[PDB]
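In case you want the letters, here they are:
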Amino acid sequence: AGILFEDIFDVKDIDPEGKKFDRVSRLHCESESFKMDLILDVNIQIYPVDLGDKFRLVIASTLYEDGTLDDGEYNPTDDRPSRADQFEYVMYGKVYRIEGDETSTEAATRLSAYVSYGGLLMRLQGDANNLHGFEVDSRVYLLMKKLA
Amino acid sequence: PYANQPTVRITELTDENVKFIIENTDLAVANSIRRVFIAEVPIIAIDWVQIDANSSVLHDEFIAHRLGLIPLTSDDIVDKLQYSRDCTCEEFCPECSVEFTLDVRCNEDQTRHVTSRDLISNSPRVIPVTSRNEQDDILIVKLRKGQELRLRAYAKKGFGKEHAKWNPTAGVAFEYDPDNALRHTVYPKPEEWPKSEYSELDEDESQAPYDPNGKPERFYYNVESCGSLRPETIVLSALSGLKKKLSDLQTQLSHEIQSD
Amino acid sequence: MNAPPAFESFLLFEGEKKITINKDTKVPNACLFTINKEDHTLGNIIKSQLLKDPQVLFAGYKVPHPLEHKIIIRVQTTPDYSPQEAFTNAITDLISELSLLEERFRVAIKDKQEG
Amino acid sequence: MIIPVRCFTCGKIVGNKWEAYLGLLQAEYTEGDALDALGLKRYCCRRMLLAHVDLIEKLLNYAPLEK
Ligand SMILES: [Zn+2]
Ligand SMILES: [Zn+2]
C-alpha cells in the first residue's frame, strides 16, 4: 500500500504559544484509535483548520495506490491513480529525527517521529508500535482530510 | 493551452485620457500592454536641431532638449512615416521626418515668450499639440529686447524605449484586485488604507476575504495622453505594436527552427 | 564617455540574430531561447502563456543583466511535445489574444464615442 | 531656470502652465486651488509647478551681448 501510518485526529489546541506566523498555524492534536500526540504546522491560509476539528491523517511513503517508489521530482502531468485524490490537504516532507524513550539496555516503548514539509514541521509521537514505518532521511506525504 | 478571450469595457473616453477595464486576461499580458503604452508606441518628436542664432539666456543644448520634449500631433502620420534607419534617403526626407522652423526676435522692451506656437512645420498634420486648434502654448524661452532665437528642427519617429520624449503617455494608472482578495499585498493594518476608486466594499470592510483559487483578472487602466496621440490611439497602437513584435519574433523563430 | 546609444537596447547589431535555440542537456526536452534586444515586455508574456500549456513542465525567463539587452527563456515540455513547438504555440496564442483584444477595444471605442 | 516642459515623473506637459499658474495666483487663488484649476492631479506635477523657481526672469535683467 505504501502507508506508514493512518489515524483520526482531533484538533485540541491551535498555537498554544501564540500565532508565530501569519499564514501558518501549529495544531496540537490527539487521536483516539492509537493515542498518539501530533504537532503539525499547516498553511491555514489555503486550508483553514478550526479548534475542535476532526481529520484523518495518513503518513505515506508514496502517492501511487500501487506500491511504487517516488522520484522526489514534481510531475504535474502524471495520470496514474494517486491517493492524494482522496484527501484535501497534502504535504510532502522528510523525516529528520526519530526520538524514543529507549535506555542503554531497553528498547523504545514510545517513539517520536519528526517530519519537515519544506519547513512546516510535524511531530508524531506515541507508541513505538505505530512508528515502525519511519526512518530518518526518508520522504513521506501528509494526506490529511477533514471529516464531520 | 490556448489564448485568452479578453473582454474590454471603456468607462471613460475624453481627449485627455481613456479609462478602461480589460477582463479575462493574464497579468503578464496586462503589464506588457501597460509597458508598451509607455515604451513601444511610436510618436513624432523633435530629434534634430540646428541653432542658426541663439542670443537667449539658455544655451543651445537647453533649447534643443526643450524642443525635443514638445509633443507633436502624431495621430495619422506616425504610421505612415518611416524610421530614418529604414529610410533609403540621405539624413532626411519627408518620408521619415518633419521639418520645423523657429525664428523669433524680441524687438520691444517687453518680454517675448517664444512658445511652441512659434514652431512652424512644413507638414500641417504634425504640429505642436498646444498649437492645435484653453491650454496655453508650451514656453520654449523668454527673450529680452535684442535677443533672438533662430533654429531649424527635424522631428522623427521613435518610442519611449529610446527617449522619454517619444513616450506618448502622461501617466498610465494600472490596477488590479482593488480589494486585496488575492493578498498580493499584505497590509499590516488593513483598516488604515484608503479604498481604491474601483473598490466594491462596504465601509466597515477593509479588504475582501482572501480568495485562494483566484488569480488577477479585470485590470483597470487609465491611460492619459501627453497630446501627441489620442488615448484610444495610444491603446490601439500599443496592441498593434505588441502584437506585431510577437509576429517578428515568430518569423525569426521559424527561421531558426528551419535552419536546425 | 561610456553611454551606449539608446537604440542599442532595441536595435540589432549586424550578424547577431534575434533568437537562438540551444538544447539544455540538464534534463530531456528542454531548450534555452536566447532572444536579443528584447526585455521583460515579451519575456513575461511568453513565459505566462507557456505556463498555460499543460504540456509545458517548466517555463521561465530572465534578463541576465539589465545593462545588457537580451533575455533567456527556458522551456521544458513533456516528451511527446517540443519546447520549440510550445514556444511557437505560445506566440500564436498571444497574437490571437492581442488581435481579439484590439478588435474588442475598437468596438468599445466605437460604442463609447456614439453611445 | 525656466519651467520644465514635462513633469519629470509622469511626462505630463507643465510648460504651458507656469504663466497660467502665476495669473491664477495673482487672482487670489491658493496655490493648491490654482494647481487644481490647471488639472495637476498628481503630486508629481503639483511638485513641478509648486517648487519651480523662475530664474530666467532674473537672467533677463542683464543686457544681452549684442544690441
Ligand atoms: Zn528619409
Ligand atoms: Zn507628473
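Structure: see above.
Residues numbered from 1 in each chain as written, not as in the entry; some residues may be left out. Chains lettered and ligands numbered in written order. Part of a larger assembly, values for the part shown. Heavy atoms only, no water.

1. Focus: the pairing of strand β1 (residues 3–14) of chain A
Residues and elements named next belong to chain A. With seven bridges connecting them, β1 and strand β4 (residues 54–60) associate as antiparallel partners. When the sheet's bridge partners are listed, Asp-7 is paired in β4 with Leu-57. In the sheet, β1 pairs with strand β2 (residues 24–31) via five bridges, with the strands oriented antiparallel. Bridge pairing links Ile-14 to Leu-27 in β2. (Pairing = 2+ DSSP bridges. Helix = DSSP H or I, 4+ residues; strand = E, 2+ residues; numbered from the N terminus.)

2. Considerations on the nonpolar core
By size, the foremost hydrophobic cluster in this structure holds 106 residues, and its most contacted members are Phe20(B) and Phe87(C). It is helix α2 (residues 83–114) of chain C that contributes the most residues to this core, 11 residues altogether. Residue-level mapping places this core at the junction of two domains, with at least three residues from each of domain 1 (1–42 + 165–260) and domain 2 (43–164) of chain B. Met36(A), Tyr47(A), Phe55(A) and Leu120(A) belong to the second-largest nonpolar core, a separate cluster that totals 30 residues. (Core = buried A, V, L, I, M, F, W, Y, C linked by side-chain atoms within 4.5 Å. Buried < 20%, exposed > 50% of the residue type's maximum accessible area, 1.4 Å probe, protein only. Domains from an automatic or database assignment.)

3. Observations regarding the coordination of the zinc ion (ligand 1)
Residue and element names in this part refer to chain B. Looking at the zinc ion (ligand 1), one finds its protein donor set to be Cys-87 (SG), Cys-89 (SG), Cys-93 (SG) and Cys-96 (SG), positioned 2.3 Å from the metal centre. What the four donor atoms of the zinc ion (ligand 1) show is an angle range of 95 to 119° at the metal, which sorts the shape as tetrahedral. Within one chain, the residues donating to the zinc ion (ligand 1) are spaced in sequence as C-x1-C-x3-C-x2-C. Taking the relative accessible area as the measure of exposure, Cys-89 reaches 26% and is therefore partly exposed. (Donors = N, O, S within 2.8 Å, 3.2 Å for Na, K, Ca; no water. Tetrahedral: all angles 85-135°; square planar, octahedral: opposite > 155°, others 65-115°.)

4. Comments concerning the coordination of the zinc ion (ligand 2)
All names here are of chain D. Summarising the metal site, the zinc ion (ligand 2) is bound by the protein donors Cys-7 (SG), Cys-10 (SG), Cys-44 (SG) and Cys-45 (SG), whose distances to it range over 2.3 Å. Around the zinc ion (ligand 2), the four donor atoms sit at angles spanning 100 to 120°, and that spread fits a shape best called tetrahedral. Positions of the donor residues of the zinc ion (ligand 2) along the chain correspond to the pattern C-x2-C-x33-C-C. Of this pair, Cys-7 sits in the segment before α1 (18–26) while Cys-45 sits in helix α3 (residues 43–50), and the two are 38 residues apart along the sequence. Residue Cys-7 is classed as buried on the basis of its relative accessible area, which comes to 3%. Overall, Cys-45 belongs to the buried group, its relative accessible area being 0%.

5. Re the interface of chain C and chain B
With 48 residues of chain C at the contact, the number on the chain B side is 44 residues. Summed over both partners, the interface of chain C with chain B buries about 4400 Å², with 68% contributed by carbon and sulfur atoms. At the boundary of chain C with chain B, the tally comes to four salt bridges. Here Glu38(C) and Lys245(B) are joined by a salt bridge, their closest N and O atoms 3.1 Å apart. Joining chain C to chain B, the criterion identifies 14 residue pairs in polar contact. Ranked by residues supplied to the side of chain C that touches chain B, first place goes to α2(C) with 22 residues. The class makeup of the residues in the side of chain C that touches chain B is 22 nonpolar, 13 polar and 13 charged. (Contact = heavy atoms within 4.5 Å. Buried area = accessible area lost by both parts, 1.4 Å probe. Salt bridge = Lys/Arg side-chain N within 4 Å of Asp/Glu carboxyl O. Polar contact = N/O pair within 3.5 Å; in protein donor to acceptor, adjacent residues only side chain to side chain. Nonpolar A, V, L, I, M, F, W, Y, C, P; charged D, E, K, R; others polar.)

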